[PDB]
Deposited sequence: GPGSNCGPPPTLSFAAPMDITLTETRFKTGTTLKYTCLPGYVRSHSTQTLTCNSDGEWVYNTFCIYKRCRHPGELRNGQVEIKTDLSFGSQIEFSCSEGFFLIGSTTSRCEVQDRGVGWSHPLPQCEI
């Protein structure tokens, strides 16, 4: 029986690209940058987060883009 990857793999988890750097903010990596993992966003003191607070590596790419602080 010959199976196929649903994930990426000659007879593992897919990986999302680097999320970038959130200016006047912080990007928290909970686990890794692979498929299924999620990241969290926070802004600095006196900054409002305009956009999503989290983002997941969905089927691969980031579910939500980079938010903004002011």
- Item | Stretches of the record's deposited sequence for which the structure holds no C-alpha atoms | 1-32, 39-40, 44-45, 48-64, 113-116, 128
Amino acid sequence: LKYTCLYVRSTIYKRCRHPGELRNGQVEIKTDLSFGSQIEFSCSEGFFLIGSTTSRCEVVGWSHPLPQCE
From here on, numbers count along this sequence of modelled residues.
- Item | Between 41-49 and 28-36 (mean CA B-factor, as deposited), the higher | 28-36
- Can you tell me which third, lowest, middle or highest, the CA B-factor of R17 falls into for its chain? lowest
- Lowest, middle or highest third - CA B-factor, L66: middle
- Item | CA B-factor ranking of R56, expressed as a third of its chain | middle
